[PDB]
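Quick notes on the structure that follows.
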Amino acid sequence: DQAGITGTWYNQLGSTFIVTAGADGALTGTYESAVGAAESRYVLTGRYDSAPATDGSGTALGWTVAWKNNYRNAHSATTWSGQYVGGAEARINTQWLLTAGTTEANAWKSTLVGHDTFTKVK
Amino acid sequence: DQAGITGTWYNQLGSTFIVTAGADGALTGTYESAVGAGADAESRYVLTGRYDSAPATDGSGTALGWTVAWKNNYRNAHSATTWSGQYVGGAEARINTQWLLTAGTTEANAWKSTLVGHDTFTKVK
Amino acid sequence: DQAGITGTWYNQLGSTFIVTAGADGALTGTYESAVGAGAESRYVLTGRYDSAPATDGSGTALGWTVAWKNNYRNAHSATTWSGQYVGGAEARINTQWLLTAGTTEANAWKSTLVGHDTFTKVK
Amino acid sequence: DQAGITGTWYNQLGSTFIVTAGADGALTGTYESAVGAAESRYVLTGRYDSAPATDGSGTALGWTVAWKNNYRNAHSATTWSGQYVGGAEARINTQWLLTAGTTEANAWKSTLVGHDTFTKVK
Numbered sequence: 013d014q015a016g017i018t019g020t021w022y023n024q025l026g027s028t029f030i031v032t033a034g035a036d037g038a039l040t041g042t043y044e045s046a047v048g049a084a085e086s087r088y089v090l091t092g093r094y095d096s097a098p099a100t101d102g103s104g105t106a107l108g109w110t111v112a113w114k115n116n117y118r119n120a121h122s123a124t125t126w127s128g129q130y131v132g133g134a135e136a137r138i139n140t141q142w143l144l145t146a147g148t149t150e151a152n153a154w155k156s157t158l159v160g161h162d163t164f165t166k167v168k
Numbered sequence: 013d014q015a016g017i018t019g020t021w022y023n024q025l026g027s028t029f030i031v032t033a034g035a036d037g038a039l040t041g042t043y044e045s046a047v048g049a050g051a052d084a085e086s087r088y089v090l091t092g093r094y095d096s097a098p099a100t101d102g103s104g105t106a107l108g109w110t111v112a113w114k115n116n117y118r119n120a121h122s123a124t125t126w127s128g129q130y131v132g133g134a135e136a137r138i139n140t141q142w143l144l145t146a147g148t149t150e151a152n153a154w155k156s157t158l159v160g161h162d163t164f165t166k167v168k
Numbered sequence: 013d014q015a016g017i018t019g020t021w022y023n024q025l026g027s028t029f030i031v032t033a034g035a036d037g038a039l040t041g042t043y044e045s046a047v048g049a050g084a085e086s087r088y089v090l091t092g093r094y095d096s097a098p099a100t101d102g103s104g105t106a107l108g109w110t111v112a113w114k115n116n117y118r119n120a121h122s123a124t125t126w127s128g129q130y131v132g133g134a135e136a137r138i139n140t141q142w143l144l145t146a147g148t149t150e151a152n153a154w155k156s157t158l159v160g161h162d163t164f165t166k167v168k
Numbered sequence: 013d014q015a016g017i018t019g020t021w022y023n024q025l026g027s028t029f030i031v032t033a034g035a036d037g038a039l040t041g042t043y044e045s046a047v048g049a084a085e086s087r088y089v090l091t092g093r094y095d096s097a098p099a100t101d102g103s104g105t106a107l108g109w110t111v112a113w114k115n116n117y118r119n120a121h122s123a124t125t126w127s128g129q130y131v132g133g134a135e136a137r138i139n140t141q142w143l144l145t146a147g148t149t150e151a152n153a154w155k156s157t158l159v160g161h162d163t164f165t166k167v168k
């Protein structure tokens with residue numbers, strides 16, 4: 013939910029994700045990757095279920111980073127798709143797709159798939 | 013490209029994606045799914092995303108992604124899809140994507156939370 | 013679906029998949045990729094399929110693996126295709142695939158490509 | 013490695029994977045899922095890189111389970127794609143695709159994606 017999601021998250025790679033959850037279901041913030049790629087911060091936008099189920103289910107959400115800022119351009123974008131799980135050890139459990147710009151001939155090897163787990167602690 | 017991406021796109025399922033590409037790399041718009049929204084404004088959902096606003100010029104595609112949370116003022120599927128892919132320009136422009144759709148689940152069902160697919164968007168139905 | 017699956021398939025890249033489906037649910041054969049991986086370009090495949098699918102019009106679930114090592118080449122990687130066989134006049138195998146390359150722990154985050162191949166019985 | 017892979021492996025769900033790696037790069041064995049499931087055991091076949099890199103890289107591998115045996119049929123197949131990393135705390139790190147049989151109308155929601163981590167310790 014909104015209060016649970018807003019703030020700073022860290023994944024298993026040491027990347028930092030800072031996000032504000034809007035009451036309208038918006039996600040806005042900045043992503044700092046510990047791997048690949084002000085110089086190493088990138089805009090992110092996304093959406094989340096602002097009215098989740100109240101049976102203990104997680105909160106569905108996703109966001110995108112385009113790996114271009116004012117300094118740098120990796121001609122790629124990542125989307126994270128997952129769910130926020132609240133409680134003392136709150137997590138965002140994600141699967142991600144990273145697509146690099148390619149010619150048609152190389153499109154078959156355009157997309158990386160992975161999983162990040164974000165916690166509020168390092 | 014910004015000029016190439018802005019507009020109305022249709023996928024192989026018959027879903028409609030309307031997007032504005034900002035000079036800053038923002039994607040904003042609405043998504044109407046032909047499937048899974050109780051139909052086989085009702086079926087319209089906010090989307091937001093990002094794209095490479097300075098793509099390569101060698102005929103490489105333009106990397107982008109966007110998200111839809113499947114909640115509007117009518118319905119809630121307690122789920123979110125993210126599309127990751129590339130825009131390819133030309134007479135027959137395409138956005139080729141792979142998508143992940145995560146449903147809210149208990150920790151028990153988390154292993155079966157996430158669908159994976161692929162959508163191809165064109166400017167004609 | 014055993015009769016349907018057994019034979020030679022081609023995907024949108026021009027790759028060739030020859031497979032025998034066993035009555036036990038085994039898939040065995042050889043894969044030739046038109047892309048990457050440089084008989085020099087044939088690789089062993091093994092997999093499984095549902096040998097008693099639903100009769101209700103649903104496809105037949107199946108998957109197979111190729112390790113990209115033969116007697117001539119080694120790309121230090123393996124692809125798995127997960128999908129369903131759809132029968133009839135224009136029979137198809139609709140797949141999604143994961144390709145993992147061997148990596149150091151440092152580079153594991155970029156170890157895995159994901160894609161989709163459609164196989165038809167004609168080029 | 014052949015000796016490194018061969019044996020019994022356990023994932024974070026508590027599923028059990030027993031596998032023999034052949035000298036020819038073959039993987040053969042049985043899989044028991046703790047979730048969704084002799085009754086609860088299923089044939090698996092796969093391949094692995096039998097001459098991996100000598101640079102500290104993991105060993106690429108994959109395998110399939112069709113969720114039919116003598117007792118049960120979930121009309122689906124899972125493929126695991128990943129790598130074996132040897133040493134004191136040996137792991138098989140995978141991502142997986144589970145396709146269910148569907149009608150053409152429901153093909154869009156045919157395939158689940160996940161990640162399992164296998165260790166030799168229960």
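Chains as they are written, first to last, in PDB author numbering: chain DDD, 13 to 49, 84 to 168; chain BBB, 13 to 52, 84 to 168; chain CCC, 13 to 50, 84 to 168; chain AAA, 13 to 49, 84 to 168. Just so it is clear, CB atoms sit at the ideal spot from N, CA and C, and this is done for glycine as well.
At least one beta carbon of chain AAA lies nearer than 7 Å to the beta carbon of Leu-143 of chain CCC. Just so you know, the alpha carbons of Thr-100 of chain DDD and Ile-17 of chain DDD end up roughly 16 Å apart. In terms of CA proximity to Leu-143 of chain AAA, CCC:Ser-127 leads the group CCC:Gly-133, CCC:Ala-153, CCC:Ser-127, CCC:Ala-134. For the 7 Å CB-CB criterion, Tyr-130 of chain AAA and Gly-104 of chain AAA form a contact.
Apart from the 5 residues on each side of it in sequence, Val-31 of chain AAA sits with its Cβ closer than 6 Å to the Cβ of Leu-39, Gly-41 in its chain, given in chain order. Secondary structure of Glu-135 of chain BBB (DSSP, three-state): coil. Look at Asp-13 of chain AAA: its C-beta is not under 7 Å from any C-beta on chain CCC. When DSSP states are grouped into helix, strand and coil, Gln-24 of chain BBB belongs to the coil group.
Spatial neighbours of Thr-163 of chain AAA in its own chain (CB-CB distance under 7 Å, excluding positions within 5 residues in sequence) are listed in chain order as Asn-23, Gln-24, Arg-137, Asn-139.
Here the alpha carbon of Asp-13 of chain CCC sits roughly 52 Å from the alpha carbon of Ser-86 of chain DDD.
In this model, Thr-165 of chain CCC and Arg-118 of chain DDD are separated by some 42 Å (Cα to Cα).
At a cut-off of 7 Å, the C-beta of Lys-114 of chain CCC has a neighbouring C-beta in chain AAA.
Of the residues assessed, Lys-114 of chain DDD falls on the buried side of the cut-off, its CB having 16 or more other CB atoms within 10 angstroms. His-161 of chain BBB belongs to the set of residues whose beta carbon lies under 7 Å from a beta carbon in chain CCC.
Collapsing the DSSP output to three states places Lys-155 of chain DDD in a helix. According to DSSP, residue pairing for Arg-118 of chain DDD in a beta bridge does not occur. In the three-state reduction of the DSSP assignment, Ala-15 of chain AAA falls in the helix class. What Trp-21 of chain AAA touches in chain CCC, judged by beta-carbon distance under 9 Å, is nothing: the nearest beta carbon there is about 16 Å away. Interface flag for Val-47 of chain AAA against chain BBB is set, since a Cβ pair is found closer than 7 Å. In the DSSP assignment, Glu-150 of chain DDD falls outside any beta strand (DSSP E) and carries neither an H nor an E. A check of alpha carbon separations from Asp-95 of chain CCC across AAA:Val-89, AAA:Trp-154, AAA:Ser-96 identifies AAA:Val-89 as the nearest. The beta carbon of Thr-125 of chain DDD does not come within 7 Å of any beta carbon belonging to chain CCC, so the residue lies off that interface. Annotation for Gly-26 of chain BBB: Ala-46 place their beta carbon closer than 6 Å to its own, counting only its chain and skipping 5 residues before and after. Residue pairing by DSSP places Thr-40 of chain AAA opposite AAA:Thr-32, AAA:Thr-91 in a beta bridge. If the five residues before and after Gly-37 of chain CCC are omitted, its C-beta is found closer than 8 Å to the C-beta atoms of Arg-93, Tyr-94, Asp-95, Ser-96, all from its own chain and listed in chain order. In summary, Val-167 of chain DDD is exposed, with fewer than 16 beta-carbon neighbours lying within 10 Å of its beta-carbon over all protein chains present.
Excluding five sequence positions before and after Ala-84 of chain AAA, the CB atoms of its chain that fall closer than 8 Å to its own CB belong to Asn-115, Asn-116, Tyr-117, given in chain order. By the rule that beta-carbons nearer than 7 Å mark a contact, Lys-155 of chain AAA touches chain BBB. Here the C-alpha atom of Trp-109 of chain BBB lies approximately 44 Å from the C-alpha atom of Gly-34 of chain AAA. CA-to-CA, the gap between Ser-122 of chain CCC and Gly-133 of chain CCC works out to about 34 Å. Identification of chain DDD residues near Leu-90 of chain CCC by a Cβ-Cβ cut-off of 9 Å yields none; the smallest Cβ-Cβ distance measures about 18 Å. The beta-carbon of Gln-24 of chain DDD is placed no less than 7 Å from the nearest beta-carbon of chain BBB. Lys-155 of chain AAA and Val-111 of chain CCC have their C-alpha atoms some 25 Å from each other.
In the DSSP assignment, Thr-163 of chain AAA falls within the beta strand (DSSP E) that extends over 163–165.
When Cβ-Cβ separations below 7 Å define contact, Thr-105 of chain DDD makes contact with chain BBB. Shown here, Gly-160 of chain CCC sits in a strand according to DSSP, grouped into three states.
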